[PDB]
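The structure under discussion appears below in the form of structure tokens.
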Amino acid sequence: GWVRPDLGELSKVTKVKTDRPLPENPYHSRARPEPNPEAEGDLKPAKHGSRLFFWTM
Amino acid sequence: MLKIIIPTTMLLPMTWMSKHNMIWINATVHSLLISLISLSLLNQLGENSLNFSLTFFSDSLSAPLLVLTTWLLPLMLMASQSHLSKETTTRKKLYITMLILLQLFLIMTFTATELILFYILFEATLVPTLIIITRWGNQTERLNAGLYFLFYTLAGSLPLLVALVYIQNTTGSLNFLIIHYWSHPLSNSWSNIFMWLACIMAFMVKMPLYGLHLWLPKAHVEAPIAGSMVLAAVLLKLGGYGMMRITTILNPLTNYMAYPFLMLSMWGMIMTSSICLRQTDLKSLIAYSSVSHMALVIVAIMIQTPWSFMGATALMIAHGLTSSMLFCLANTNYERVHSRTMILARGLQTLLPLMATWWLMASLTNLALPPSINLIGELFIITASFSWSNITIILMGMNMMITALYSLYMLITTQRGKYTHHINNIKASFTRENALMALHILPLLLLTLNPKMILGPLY
């Protein structure tokens, strides 16, 4: 009671119902680094202009 | 101070598109008007420097130099009229532009607020004079004159720049007001000595100081007359204005490392004055005289006494009016005789009556008759130096005696005696150079009446 699979039939993507749990860390990744302090806040004119030598503004 | 800056830069378009013959009249009249406007700067409060703007401030030290520059500018304008007649109009306007640009940089230098801004225009005066000395000079050596004058000042200028930017990173500001008000004692760490040094030789190379002065005889005797006055009258004093400024923070180091420069100077003027007595060129004497007179100023600043600072200021302004007069006086003789040899044209009183006077008190102000401001500056230095050390008195007292020795010597070897009979081109003394000397001398006696305006902020 066996039928030869047609062309491309054996190349299809199949689905299975394995009862093992999905490995949470397959790569055994270490703790991810904390992000650098986020850039936010409002922008206001530079205090006392360029502040470089004799340039008041 | 833009009430002086704006009209001064406005002299450029006016002098650059005036008529081919009105450039002298126009430049002279409005420069004098600027001088009158600059005269209002004589007002000073008790101790608060006039803080007109964030980037401009003045006190009783800057204004007398400020008026000196502005009052001076018409004087080379009239002095240069003689030997600039044989020139094209475009080049003539170029000459006027250099003088006005030199003036404009001078006013910004004295009125500067922080040291770095002061440094930029301070040095910036090298460019206009470099063109003046080299392009419009008279002899082959002027090419070697410019390089000697340029590198000498620059060689000391660059260390100051490194120290100045180092000030900004450490103290946090370079503004003079904050530096003096946030002044802190300077430690004697071996780095701090060079820190002290880098802020000094920049000012003393152009003073000039004994040893580091060779550019002075190689430039003033050799520059065009118009460049000669501004070099001697003000440009040397640029070290003085800076040194009173930079000394506000460089303490208490001055106690130790003043010595290697002090007796370098103290043996200096006596040595230089000896050279003045034994010159062969006319302008060489006044140039060597200028460093001799400048030498007592070096002692005045460095000793750090209020009396010396007043003496430093008075001698500074008095020497500028004097040295300009003698350089103008030498130019008058050089023009007719086409040389500057001292004994070439001795005995000209019989032919030059008014000149012989213009020799007379100009040398007497060089001898510093009482109560001319020359002594008022000079005597204050003496009292300050004596309070520092009693044995000082013999040295510069002997110097002002050898100063007296030569200061009549050209009077004897230019006016006293008999004319040279082969010379026959000493014409009638033109009113131009004649009136030039009047404008030199009358402010000296006028300031003698009320000297209280030129002792600086310490008065």
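Each Cβ is built from the backbone N, Cα and C atoms, and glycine gets one as well.
Taken from Swiss-Prot, the feature transmembrane segment applies to B:22-42 (among others), supported by sequence analysis.
Listed as Cβ neighbours of the transmembrane segment (B:60-80) (distance under 8 Å, sequence separation of 6 or more from its ends, same chain) are residues 4, 24, 27-28, 31-32, 34-35, 38-39, 41-42, 44, 49, 95-96, 99-100, 103, 106-107, 110-111, 224-227, 229-230, 233-234, 237, 241, 244, 313, 316-317, 320-321, 324, 328, 331, 432-433, 435-436, 439-440, 443, 453-457, 459. Summarising the annotation, Swiss-Prot assigns transmembrane segment to B:60-80 (among others).
The transmembrane segment feature in Swiss-Prot is assigned to B:98-118 (among others).
Look at Swiss-Prot and you will find B:147-167 (among others) tagged as transmembrane segment. Through the fold, the transmembrane segment (B:147-167) approaches residues 115-116, 119, 123, 126, 129-130, 133, 174, 179, 195, 197-199, 201-206, 212, 214-215, 218-219, 249 of its own chain, all at least 6 residues removed from its boundaries and within a Cβ separation under 8 Å.
Under 8 Å from some Cβ of the transmembrane segment (B:193-213) lie the Cβ atoms of residues 152-153, 155-157, 159-160, 162-164, 166, 186, 235-236, 238-240, 242-243, 246, 250, 253-254, 257, 261, 264-265, 267-269, 271-272, 291, 294-295, 297-298, all in the same chain and six or more residues away from its ends. Residues annotated as transmembrane segment in Swiss-Prot, with sequence analysis given as evidence: B:193-213 (among others).
What Swiss-Prot records for B:224-244 (among others) is transmembrane segment.
Under the heading transmembrane segment, Swiss-Prot lists B:257-277 (among others), citing sequence analysis as support.
Sequence-remote contacts of a segment are chain residues at least 6 beyond its ends whose Cβ falls under 8 Å from one of its Cβ atoms, and for the transmembrane segment (B:284-303) they are 204, 207-210, 213, 216-217, 219-221, 232, 236, 240, 243-244, 247, 254, 258, 261-262, 265-266, 268-269, 272-273, 275-276, 309, 311-312, 315-316, 319, 322-323, 326-327, 330, 340, 342, 366, 377-378, 380-381, 384-385, 388, 396, 399, 403, 406-407, 410. Taken from Swiss-Prot, the feature transmembrane segment covers B:284-303 (among others).
Non-local neighbours of the transmembrane segment (B:308-330) in the same chain are 61, 64-65, 68, 72, 75, 79, 220, 225, 228-229, 232-234, 237, 240, 244, 282-283, 286, 289-290, 293-294, 296-297, 299-301, 340, 355, 358-359, 362-363, 365-366, 368, 372-374, 376-385, 433, 436-437, 440-441, 443-444, 447, 451, 454-456, 458-459; each lies 6+ residues outside the stretch with a CB under 8 Å from one of its CB atoms. Swiss-Prot lists B:308-330 (among others) with the feature transmembrane segment.
Here Swiss-Prot flags B:351-371 (among others) as transmembrane segment, drawing on sequence analysis.
Swiss-Prot lists B:391-413 (among others) with the feature transmembrane segment. Away from its own ends, the transmembrane segment (B:391-413) comes close to residues 266-267, 269-270, 273-274, 276-277, 279, 282, 285, 289, 292, 296, 299, 342-343, 346, 359-360, 363-364, 366-368, 378, 381-382, 385 of its chain (Cβ-Cβ under 8 Å, at least six residues beyond either end).
The annotation transmembrane segment is assigned in Swiss-Prot to B:435-455 (among others) on the grounds of sequence analysis.
Within the same chain, residues 1, 3-4, 7-8, 11, 14-15, 50, 58, 63-64, 66-67, 70-71, 73-74, 77-78, 81, 89, 92-93, 96, 100, 103, 453 sit at least 6 positions outside the transmembrane segment (B:22-42) and bring their C-beta atoms closer than 8 Å to a C-beta of that stretch. Here the transmembrane segment (B:224-244) has Cβ contacts under 8 Å with residues 61-62, 65, 68-69, 72, 75-77, 79-80, 83, 95, 99, 102, 106, 109-110, 118, 122, 125, 129, 132-133, 136-138, 200, 202-208, 216, 283, 286-287, 290, 294, 297, 301-302, 309, 312, 316, 319-321, 323-324, 327-328, 331, 456 of the same chain, all six or more residues outside its ends.
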